[PDB]
Amino acid sequence: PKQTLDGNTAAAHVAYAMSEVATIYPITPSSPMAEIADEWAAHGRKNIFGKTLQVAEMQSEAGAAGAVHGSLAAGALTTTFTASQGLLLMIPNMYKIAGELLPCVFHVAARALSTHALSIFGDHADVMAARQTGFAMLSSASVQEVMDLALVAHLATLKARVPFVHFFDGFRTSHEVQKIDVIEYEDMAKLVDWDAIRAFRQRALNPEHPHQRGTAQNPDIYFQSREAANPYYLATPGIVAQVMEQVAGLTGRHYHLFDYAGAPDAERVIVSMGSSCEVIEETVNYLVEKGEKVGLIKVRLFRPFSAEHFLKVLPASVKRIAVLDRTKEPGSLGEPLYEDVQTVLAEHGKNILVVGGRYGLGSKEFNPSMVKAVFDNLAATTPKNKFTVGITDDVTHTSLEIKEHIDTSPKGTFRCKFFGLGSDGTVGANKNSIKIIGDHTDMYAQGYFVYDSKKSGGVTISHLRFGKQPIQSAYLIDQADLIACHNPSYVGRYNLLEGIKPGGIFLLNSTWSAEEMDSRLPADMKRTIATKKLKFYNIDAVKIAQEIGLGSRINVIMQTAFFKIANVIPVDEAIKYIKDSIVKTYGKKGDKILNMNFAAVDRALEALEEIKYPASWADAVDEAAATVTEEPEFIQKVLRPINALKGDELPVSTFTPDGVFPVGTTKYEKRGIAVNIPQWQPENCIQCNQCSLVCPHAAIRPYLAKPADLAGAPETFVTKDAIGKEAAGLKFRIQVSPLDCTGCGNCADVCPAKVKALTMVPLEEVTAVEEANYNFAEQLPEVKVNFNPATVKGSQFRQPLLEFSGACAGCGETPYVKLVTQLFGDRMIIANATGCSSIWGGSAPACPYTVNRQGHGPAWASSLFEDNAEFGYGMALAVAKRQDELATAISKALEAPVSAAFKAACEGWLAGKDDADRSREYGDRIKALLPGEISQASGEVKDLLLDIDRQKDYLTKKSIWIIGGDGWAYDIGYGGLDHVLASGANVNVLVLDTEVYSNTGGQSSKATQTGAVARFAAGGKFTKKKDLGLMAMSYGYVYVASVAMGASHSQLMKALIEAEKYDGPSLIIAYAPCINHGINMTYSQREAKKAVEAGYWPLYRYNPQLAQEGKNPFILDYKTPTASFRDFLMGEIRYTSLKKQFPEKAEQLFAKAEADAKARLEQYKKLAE
Amino acid sequence: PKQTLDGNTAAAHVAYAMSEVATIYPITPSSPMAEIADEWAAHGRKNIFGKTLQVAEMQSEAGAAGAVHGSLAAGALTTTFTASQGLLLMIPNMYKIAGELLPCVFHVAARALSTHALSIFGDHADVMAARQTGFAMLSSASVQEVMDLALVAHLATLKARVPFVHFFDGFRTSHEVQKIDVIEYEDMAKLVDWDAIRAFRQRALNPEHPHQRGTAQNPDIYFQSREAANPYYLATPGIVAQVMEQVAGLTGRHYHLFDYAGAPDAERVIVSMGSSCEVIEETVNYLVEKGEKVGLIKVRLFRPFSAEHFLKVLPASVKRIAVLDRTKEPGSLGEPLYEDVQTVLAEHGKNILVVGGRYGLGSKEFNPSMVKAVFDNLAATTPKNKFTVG
Amino acid sequence: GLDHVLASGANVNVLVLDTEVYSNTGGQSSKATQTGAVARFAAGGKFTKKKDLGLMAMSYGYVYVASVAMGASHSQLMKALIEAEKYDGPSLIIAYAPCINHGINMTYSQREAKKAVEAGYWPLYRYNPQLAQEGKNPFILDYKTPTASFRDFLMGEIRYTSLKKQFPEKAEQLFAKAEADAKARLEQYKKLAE
Ligand SMILES: CC(C)(COP(=O)(O)OP(=O)(O)OC[C@H]1O[C@@H](n2cnc3c(N)ncnc32)[C@H](O)[C@@H]1OP(=O)(O)O)[C@@H](O)C(=O)NCCC(=O)NCCS
Ligand SMILES: Cc1ncc(C[n+]2csc(CCOP(=O)(O)OP(=O)(O)O)c2C)c(N)n1
Ligand code: SF4
Ligand code: SF4
Ligand code: SF4
Ligand SMILES: [Mg+2]
Ligand SMILES: [Mg+2]
């Protein structure tokens, strides 16, 4: 049948049919394969063996690879899905699996490796890093080929006993939706070598016919034993070739080990691999029809590399070859495929000039204009070798120049771009628009989707295509027949009409009248509309949504308008298909919600307005640029162009060679995405600063000011006398940053005043006012105050050093780190694990960690997902080493003829160099006396003082903080964390427990509680939550504390200060509410209070210092819960969806979860009593 | 002075002098390096910084690699010792360490990888499995060269900011005892680029001058940012070459990126790497004195592969080359060094017949009788390609 | 990986042969090495106390954990092995295995394990989750009161006497810490049993 799928589903489709067990671990962009395989098992899909696939989630990809090896050796056909860093962690087991000749298929969504920086996007770095494991390697270039070649790999591995890596380009193919021919399970079983399967069962480990495998060998036989497998690798190319003929007989589609396309007498040929082959073949057709003698060699079977099948498809007329590698091996003579082509051509005496290039790293664009630049370089007098395409390399001059733009798209292919907001449905609608066209026309359909790095409120760009000819355009839309803008705020921000075809359609959502368009639209936009003679349409999708009560959901309104103007299918038939997709997509929401979306379709047709514009719009003149601002060089050259969606224009010279970025750059974003912002009521405020504490973006803060500093204050900067003996005679005000606020509403919910001092007002009503208020409050001078930092009110008078991050509105993670920066940010270094905390904490080019007025702030670094504890442990070793070098220079300064005041501060520092307060006290005296002391010294004495001045940044004791999610702490990094905590180092580990893998979509973890439903746990998690805090207490010398900000403000303050002052390992497990729980984020703080009150989350503190005082180290801060446990679970979707999915098993799990919470509570009572 | 050492101690000798922290995890045959480094610290041996080396044992080699990355990023010169399966578990962190241009030296006692069976004995399977990480790779062929080239790697990594894997054949060199010239710590500190060390301290993570490293990047800038480190990799071969001249002035022993030995008018040349070069040079002397026109190219700097320095030492009379790889990549068109030689010779239009072979897997014997069998195959009417010896 | 497999609940039997060193590779330090013992990569002796693997696996509640020693009690080893295998779930057996890297006469290898339990150096316990389903206490302490001197047992093995020969001034400090840690571990097993 024909279905519109993505590469991942196409791979999972074949893999589910051919496998009995599948051990998985989530990683973008390969995790969707395991997600849909888990869902199919929950709904009972049968494979060719008549059973459901068993999905096992491990603690890492290393654990997954070991389980595959055991499952295969024990007699079960096993597969797995992974990519990038995950594939690397499987490489040690891959040597064993290939070495023992076990039939197996790894499906890889090829993704870049973390080098100078993390990139979740696609290239061949991961696959190339395992090319020496002995696995075969088969590449899919299109969604159709993912379907076909996955079946080829599963069929071939049974015959050859050589394991296969079937890999396709991450996102570019794994996430591209296409209408493809799906191969039925019944046909696959008709092609399976059943004799080979039964023989594989006979080799299984079984006590009734035992054997030994995986021995240890001496040098006498290891070499011979390694060569004994050679016949299997010699025979594999022929086996893959014959399997490819079986697929041809079934599908009619002919694949070969190496495929050729282009002129039969071509002289310039490109050799390439992956999705680029689609783009190159599209360009080759265009160039051959124009008379050029060019061709293309598609590499399907990369390993084993069959020299015979490569030369078999190389025309005898070929004189120059360019090999394209989607990877980079620094310092190497050439990239992997390039050295293979060069070798085989040398082995057969072909005198052909070969040149290699790099492309598409991290999903870099690779379009036909680039393919011609590669072909044209081959036509040059001296072709440049070791080149790059798609960047401007003005440093090393490896980039090819894209001289001209060509359009190689087949005639008759419709092209569409859609600009939408997050959570408005634009992307979901275009997914169903493709299903409408593909399921109901003879046309091929294709859709690729671009999301922002931000978690919510970010721009999304949808690229769709459909034509009578097959769609090989594996690149973004060059020239669009239609462009739609689903958010009017983008008007004036982004070049929406780039590449719009003349006489094309432009679709807009706004409340602007045909007359108001002259003022609200930019001149360059009005110029393009009139010059290219575009059909301009507009619909007030917002008003239609509010009249029916749909809210912000406008996709159905805009989708209906699309089929109305695009004339892809007659509008009468199109509307029927749109109503059907509402049930199939939004059915699970309600019966009333569907009739509200059905009425939206009808009112959308009637409210579509074609705008007749004056032809004089062609002569509209750009606005006068307001007085420019003097922003830093990095903000001007890097941050602004990237946010303006022009980052691809930046040359290589823009960037540092080691991925180092400045701090405090998110304050320059000013996104202004809030619908409502808090408005402060000065008469109702008790001056408690709780609103600044819970703000997930540091957008609301208290400000103190002497009465003289209120000179240039706006009329709306109303102040009140400051309460407290420390701030006597001062003014107080709670001020919000309107452009950085997210509108979550957490600050208003926590406000404990009798009358609410914070009320939610719409942003647009008070944005002009509150902007002037914040701009004045931000420029207030620092005010030294003696408020106790150990209290909530005192801590918020300290400047926050984590501001305006990319976390979700109301995130439960960022409030924790923000409080830490206000207490110890002056002198702390952060080792952050990969996860949400690394995505909102360190996504280029914006850094949310900032500095204070003295220029000091937290230094932030993220290495890998699995090593974060040992990463931070290494920092603690080095920082101690740097302080040791300084103490040596200080001790030598005592013996030198220096001032008596200088000697006094040095002796004071040496005694308290390991005390946070004392090292700052005597250190600052040393820093103050150094410049005058250096002026009064000479000779070697001056050199000794100059060496101390070089190291004065290590006088103040640092605070190492290791931050990560529960997925890192409970699973993949627990082994490393256990070792770091057991070592006794003076580090502070902060675990942000969201009980799911929040970054990757919300997958199951050992931190997930009983009965909760998450991805890879479709039927609910049976096993109870792993008690990380209890195991770390077994050492006795590790400080462990369980906190929850929403439950108790005072308990969080005490645990944070006690853990940091502890001269040893400290572990803080913080409850962080998350959107993957399925709750209203406005009450995120309230959800944490209900968690502790219902016995769902414990609050305790284990202090080893109390044991040294003869006291009990364990303190139970909450003994008797007062709320119902069952009522708290029903307040979150992650537990209610269990009743909707598996209703009969749901009631059993709720009883187990409540019994486990009482057994955990009574266990904490025994340790306390 | 002259002392009788093994390769491991010779490597540990230089590594202890040049490093402040060393995170380790035991694995044969590399664990003796960390064992003797731990003993020296207990007895208070001072490095060129006047302090004792801090040895930290982790829960795995993966934990060791992460600690090196953190210790380097925080401002301490760090090293480690590993091999075989241990080196594989460090490969994910090696991409970060090389990608962030941190000066570092991994000392590897090259050992076979566990495939159909475990083997604690020596070959280049481990080193070849990380040749795409961006680390430089420097090979020692004798106990004397372990001493000298370890110093070259530690000195070069400070100048180039490119991390080095200094590897020597497991057991065959790491456990071979030889009377060698030991280089004094005082001479090493006289060769250290102290300006480079202080600059490396300035890049450390510190709250009083903070920065962000290791960000997450979208497709718009990841490619450009990856190519921005190219000047460092282009300059590394020249830096290693000049560092090799410093060692020559101190020791009198001349190393090059690629070294040649044999007849000046040789027509059959072997390209090889590691301890086999000692055996091949011994055979070449024997064959040249008997009138045969044969030669040998020793590969010292395997990565970055400098095409210029390789062709610089290739006699113009060479007509046939046999490349020897102490590793096996099943199904591949050829083994790693073989494809490198074949590529550079193709890039410069040399019409030379090249053939590749495999040897010495899991410390398989490689003796001069085998070296002649390789040379005699080059003399055949049709030399066999993709062969094995031993 | 072991923590994940035991937490999964699979019907597997994990047998940990605890030699407190990396015996194959020459005798290097491990988290299983006790306080004060000298091994490779711990030239000055291990400061941190022994990691309690058995105690952490008991935190799950559904994992059978047992500490055995053949030289100490033949009958206790038989019961723990049969109970752990019949348990339809994860079972963890931590067995004390004397080794040459301890520095003792291997003729009395069995005798050294008996002295280990009798001096409070090695515990003998069994955690049965099936006892919890019967309303009973899952933890059984099979050896409550030690009868031998703790300091005398350490001096019977070279891995502790070489500390007095290498670092004599720090050696007496570590012996007091090792004996205090064994009593705190023993009283902690008494609280779970009482
Ligand atoms: C997908 C994403 C870009 C938002 O896209 P979009 O243009 O808003 O389109 P979507 O189809 O996702 O939005 C529909 C959502 O809004 C709601 N929706 C929109 N219109 C609706 C309507 N009329 N009726 C009912 N629900 C509607 C739904 O609740 C749905 O969310 P849910 O089904 O997950 O609860 C964003 O959520 C995202 O970035 N996701 C993760 C992307 C990723 O793959 N990341 C890799 C991990 S690092
Ligand atoms: C070795 C490796 N495996 C998997 C991944 C993919 N990955 C990134 S973040 C993440 C999980 C994050 O979950 P968590 O640790 O709980 O942090 P959170 O997002 O919830 O804050 C995963 C699996 C990776 N980057 N590296
Ligand atoms: S939470 Fe309310 S009472 Fe407290 S400082 Fe903020 S506005 Fe004032
Ligand atoms: S609404 Fe949310 S983001 Fe805005 S100020 Fe209040 S807490 Fe901060
Ligand atoms: S942890 Fe949850 S709420 Fe916070 S940013 Fe990640 S997905 Fe959003
Ligand atoms: Mg999480
Ligand atoms: Mg052991």
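A. Structural detail: the overall build of chain C. The secondary structure content of chain C amounts to eight helices and five strands. Each helix (α) and strand (β) of chain C, taken in turn from the N terminus, gives the series α-β-α-β-α-β-α-β-α-β-α-α-α. Relative to a compact globule of 194 residues, whose C-alpha radius of gyration would be 16 Å, chain C shows 17 Å and is just as compact. Each principal axis of the C-alpha distribution contributes one length, and for chain C these read about 55 × 35 × 30 Å. Summarising the internal contacts of chain C: among those between residues at least 6 apart in sequence, 68% fall at separations of at least 24.

B. The arrangement of the overall build of chain A in detail. The secondary structure content of chain A amounts to 41 helices and 36 strands. Taken against the 2.2 N^0.38 rule, which gives 32 Å for 1169 residues, the C-alpha radius of gyration of chain A at 32 Å falls within 12% of a compact globule. Dimensions of chain A, computed from C-alpha atoms along their principal axes, come out at roughly 90 × 90 × 75 Å. Partitioning the intrachain contacts of chain A with sequence separation of at least 6 by distance along the chain shows that 78% fall at a separation of at least 24.

C. Structural view of the site of ligand 4. Taken together, A:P678, A:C695, A:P696, A:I700, A:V736, A:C741, A:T742, A:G743, A:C744, A:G745 and A:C747 make up all the residues around ligand 4. When its residues are assigned to classes, the shell around ligand 4 shows eight nonpolar, three polar and no charged.

D. Highlighting helix 37 (residues 1084-1093) of chain A. All names here are of chain A. Inspection of helix 37 places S1084, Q1085, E1087, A1088, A1091 and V1092 among the buried residues, and these make up the whole buried set. Relative to the axis of helix 37, the buried residues are bounded by an arc of 160° and lie together on one face. Positive phi appears at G1095, one or two residues downstream of helix 37, with a value of about 75°.

E. How the structure looks around the coordination of the magnesium ion (ligand 6). All names here are of chain A. Taken together, the protein ligands of the magnesium ion (ligand 6) are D966 (OD), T994 (OG1) and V996 (O), with distances of 2.1 to 2.4 Å. Taken in sequence order, the residues that donate to the magnesium ion (ligand 6) follow the motif D-x27-T-x1-V. One end of the pair, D966, is in helix 33 (residues 966-972); the other, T994, is in the loop between strand 32 (988-993) and helix 35 (1028-1033), and 28 residues separate them in sequence. For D966, a relative accessible area of 1% corresponds to the buried category. Given a relative accessible area of 3%, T994 falls into the buried group.

F. Expanded view of the site of ligand 5. In the vicinity of ligand 5, the contacting residues are A:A807, A:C808, A:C811, A:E813, A:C836, A:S998, A:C1074, A:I1075 and A:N1076. A class-by-class count of the residues in the shell around ligand 5 yields six nonpolar, two polar and one charged.

G. A look at the sheet that holds strand 2 (residues 21-24) of chain A. Residues and elements named next belong to chain A. In space, the seven strands of this open sheet follow the order 3-2-4-5-7-6-12, with mixed pairing throughout. Two strands bound the open sheet, and with one partner strand each, they are strand 3 (54-57) and strand 12 (301-303). Averaged over all adjacent pairs, the angle separating strand axes in this sheet is 25°, with direction ignored. In the sheet, strand 6 (residues 136-140) pairs with strand 7 (residues 164-169) via five bridges, with the strands oriented parallel. Pairing of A136 across the sheet is with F164, part of strand 7. Along the sheet, helix 6 (residues 143-160) makes contact with strand 4 (78-82), strand 5 (105-110), strand 6 and strand 7, crossing strand 7 at roughly 170°.

H. Structural view of the interface of chain B and chain C. Between chain B and chain C, the residue contacts involve 11 residues of the former and nine residues of the latter. Taking both sides of the interface into account, the surface hidden between chain B and chain C amounts to around 840 Å²; carbon and sulfur atoms contribute 59%. Across the chain B-chain C interface, the total number found is one salt bridge. Linking chain B with chain C are three residue pairs in polar contact, by the criterion used here. Here the element with the most residues in the side of chain B that touches chain C is helix 2 (residues 31-42) of chain B; it accounts for five residues. Here the side of chain B that touches chain C is built from residues that sort into five nonpolar, three polar and three charged.

I. Examining the packing of aromatic side chains more closely. Residue and element names in this part refer to chain A. Per the stated rule, a full pass over the model turns up 49 aromatic pairs over all chains. Counting every residue linked through ring pairs, the aromatic cluster contains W680, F732, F787 and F797. Positioned over the ring face of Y475 is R465, at 4.9 Å from the centre of the ring.

J. The arrangement of the domain arrangement of chain A in detail. Residue and element names in this part refer to chain A. Per the domain assignment, the segments of chain A are domain 1 (1-255), domain 2 (256-413), domain 3 (414-621), domain 4 (622-664), domain 5 (665-781) and domain 6 (782-1169). Distance between the C-alpha centres of domain 4 and domain 6: 33 Å. Residue-level contacts link eight residues of domain 4 with seven residues of domain 6. A combined buried area of about 570 Å² lies between domain 4 and domain 6, and 76% of that area is made up of carbon and sulfur atoms. Counting the surface domain 4 buries against domain 6, the share from its top three residues, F661, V663 and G664, is 61%. At the surface where domain 4 touches domain 6, the tally comes to one residue pair in polar contact. For the side of domain 4 that touches domain 6, the element with the most residues is helix 22 (residues 633-643), which contributes four residues.

K. Spatial organisation of helix 8 (residues 168-193) of chain C. Its 26 residues place the ends of helix 8 of chain C 39 Å apart at the C-alpha level, agreeing with the 38 Å of an ideal helix rising 1.5 Å per residue. Those residues of helix 8 of chain C that are buried lie in contact with helix 2 (53-58), strand 4 (125-127), strand 5 (139-141), helix 6 (150-154) and helix 7 (158-166) of chain C.

L. Looking closely at the environment of A:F135. Residue and element names in this part refer to chain A. Relative to the helices and strands, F135 is located in the loop between helix 5 (125-128) and strand 6. On the basis of relative accessibility, which here comes to 1%, the residue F135 falls in the buried class. Beyond its immediate stretch of four places on either side in the chain, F135 contacts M94, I97, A98, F106, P163, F164, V165 and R303.

M. Here's a closer look at the pairing of strand 7 of chain A. Residues and elements named next belong to chain A. Of all six residues that make up strand 7, six are buried, and the element is covered over most of its length. Of the strand pairs in this sheet, strand 5 and strand 7 are connected by six bridges, and their pairing is parallel. Opposite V105, over in strand 7, you have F164 as the bridge partner. In this fold, the crossover linking strand 6 to strand 7 by way of helix 6 has right-handed handedness.

N. Broad picture of the interface of chain A and chain B. Each partner contributes residues to the interface: chain A has 133 residues there, and chain B has 107 residues. The contact between chain A and chain B buries some 10400 Å² in all, and 59% of this surface belongs to carbon and sulfur atoms. Three residues, A:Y222, A:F223 and A:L333, lead the burial of chain A against chain B; their summed loss comes to 7% of the area buried on that side. Summed over the shared surface of chain A and chain B, the result is 11 salt bridges.

O. Here's a closer look at the nonpolar core. Core analysis: the biggest nonpolar cluster contains 225 residues, and A:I321, B:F310 and B:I321 have the highest contact counts within it. When neighbours within four sequence positions are excluded, A:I321 is seen to be in contact with A:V269, A:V271, A:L314, A:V341, A:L345, A:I352, A:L353, A:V354, A:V355 and A:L378. With 184 residues, the next largest nonpolar core counts A:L693, A:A859, A:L886 and A:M1045 among its residues.

P. Looking closely at the state of the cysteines. Counted according to the given criterion, the structure contains zero disulfides over all chains. Among the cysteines around A:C847, which has no disulfide bond, A:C811 carries the closest sulfur, lying 17 Å off.

Q. Inspection of empty space enclosed by the protein at higher detail. Residues and elements named next belong to chain A. Its boundaries defined by the atoms lining it, the largest cavity holds a volume of some 170 Å³. When grouped by side-chain class, the residues that make up the lining of the largest cavity number seven nonpolar, eight polar and three charged. Counting residues domain by domain, the lining of the largest cavity receives three or more from each of domain 3 (414-621) and domain 6 (782-1169).

R. Broad picture of the sheet that holds strand 27 (residues 731-736) of chain A. Residues and elements named next belong to chain A. In space, the three strands of this open sheet follow the order 25-27-26, with antiparallel pairing throughout. The open sheet is flanked by strand 25 (700-705) and strand 26 (720-721), the only strands paired with a single partner. Against the sheet, helix 25 (residues 763-778) touches strand 25 and strand 27, its axis set at about 125° to strand 27.

Rules of the game
Residues numbered from 1 in each chain as written, not as in the entry; some residues may be left out. Chains lettered and ligands numbered in written order. Part of a larger assembly, values for the part shown. Heavy atoms only, no water. Residues with missing side-chain atoms left out of burial classes, pairs and counts. Helix = DSSP H or I, 4+ residues; strand = E, 2+ residues; numbered from the N terminus. Rg over C-alpha atoms; globule rule 2.2 N^0.38 Å. Contact = heavy atoms within 4.5 Å. Near = heavy atom within 4 Å. Nonpolar A, V, L, I, M, F, W, Y, C, P; charged D, E, K, R; others polar. Buried < 20%, exposed > 50% of the residue type's maximum accessible area, 1.4 Å probe, protein only. Arc of directions from axis to C-beta. Donors = N, O, S within 2.8 Å, 3.2 Å for Na, K, Ca; no water. Pairing = 2+ DSSP bridges. Axes fitted to C-alpha atoms, helices over the stretch in contact; angles between N-to-C directions. Buried area = accessible area lost by both parts, 1.4 Å probe. Salt bridge = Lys/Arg side-chain N within 4 Å of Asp/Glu carboxyl O. Polar contact = N/O pair within 3.5 Å; in protein donor to acceptor, adjacent residues only side chain to side chain. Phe/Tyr/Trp six-rings, centres within 6.5 Å; stacked < 30°, edge-to-face > 60°. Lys NZ or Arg CZ within 6 Å of the ring centre and 35° of its normal. Domains from an automatic or database assignment. Expected span 1.5 Å × (residues − 1). Right-handed = clockwise from strand over helix to strand, strands pointing away. Core = buried A, V, L, I, M, F, W, Y, C linked by side-chain atoms within 4.5 Å. Disulfide = S-S within 2.5 Å. 1 Å grid on protein atoms, 1.4 Å probe; cavity = no way out; pocket = protein on both sides within 12 Å on 5 of 7 lines; lining within 4 Å. Points joined across faces, edges and corners; volume = space filled by probe spheres on them.

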